[PDB]
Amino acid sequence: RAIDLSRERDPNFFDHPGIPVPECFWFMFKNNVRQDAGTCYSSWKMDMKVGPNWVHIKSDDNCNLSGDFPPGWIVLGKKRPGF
């Protein structure tokens, strides 16, 4: 059951052509079980619904994500292949 982002399938994403290509993939888990996944920018921020809560999630230059996640939940990031 443990989280292993090296074995996670890529998210189902779309690189919108009118904005820069986001550098990161994020993965959301509840009790270490994948709930969803997507793309996000490095060195940036987003508001995301994580279980019951709105959570402000910051990303660093290496796609590490930080936020105050509700009990049982986490969102983790990694760099995309070309980035």
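Position 1 is the first residue in the sequence shown; the rest follow in order.
- Ranked by Cα temperature factor within the chain, residue 13 sits in the highest third according to the deposited record.
- Per the deposited record, the Cα B-factor of residue 45 falls in the highest third when ranked against the other modelled residues of its chain.
- Split the chain's modelled residues into thirds by C-alpha temperature factor. Residue 65 is in the lowest one.
- Per the deposited record, the Cα B-factor of residue 21 falls in the middle third when ranked against the other modelled residues of its chain.
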